[PDB]
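A quick write-up on the structure given underneath.
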Amino acid sequence: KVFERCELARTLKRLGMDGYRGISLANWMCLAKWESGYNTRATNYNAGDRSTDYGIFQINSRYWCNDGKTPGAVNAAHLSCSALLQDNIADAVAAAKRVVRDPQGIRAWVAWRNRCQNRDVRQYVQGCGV
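For the sequence shown, the authors' numbering begins at 1 and goes up steadily by one.
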């Protein structure tokens, strides 16, 4: 499913992402936007290390979910990567929360650093009623 911007914002708020581990909703919005364009079925194969990024937040199979085919992987979120391709983002949000519980926080995603850090991200939540 490809979410509309405000529909996603409200969904994430309900799922408790606003201020999760000090990260504002607008940051999560910025992250989903650049990682998948709000698309839950997005997948990106990293030929370089044989890992794959899954879902709306592009969560990597080397550390967070199990896809069986990634060498040297762990499944820190303890989920099948298949769970990150559902239209219902409940599992993807639980996985994203697990990723930020590590010391790096939101910086774990390089796209966040490039596209959201030290930027005016209010644009992502404007007019959504959140």
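Think of the CB as a built atom: it goes at the ideal place given N, C-alpha and C, for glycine as much as any other residue.
Query, Result
"Is it buried or exposed for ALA90, if we count other Cβ within 10 angstroms and need 16 for buried?", "exposed"
"Candidates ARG21, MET29, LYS1, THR43: which alpha carbon is nearest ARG10's?", "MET29"
"Does the distance from the CB of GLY55 to the CB of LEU8 come in under 7 Å?", "no"
"Pull up the distance between the alpha-carbon of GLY19 and that of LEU25, whole angstroms please.", "7 Å"
"For a test of the three-state rule: what should DSSP assign to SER82, helix, strand or coil?", "helix"
"Taking C-beta to C-beta, are residue 174 and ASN66 nearer than 7 Å?", "There is simply no residue 174 to check, as the chain begins at 1 and stops at 130 in what is shown."
"Any idea if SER51 is buried or exposed, counting beta-carbon neighbours within 10 angstroms, 16 or more meaning buried?", "buried"
"So, for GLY105: in the same chain, excluding its five sequence neighbours on each side, which residues have a beta-carbon less than 8 Å away from its beta-carbon?", "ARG21, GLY22, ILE23"
"Considering Cα atoms alone, identify which of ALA111, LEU31, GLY37, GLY16 is closest to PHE3.", "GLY37"
"State yes or no: is the C-beta of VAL130 within less than 7 Å of the C-beta of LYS13?", "yes"
"Which runs of the alpha helix (DSSP H) spanning at least 4 residues fall entirely within the segment 20 to 51, listed in chain order?", "25 to 36"
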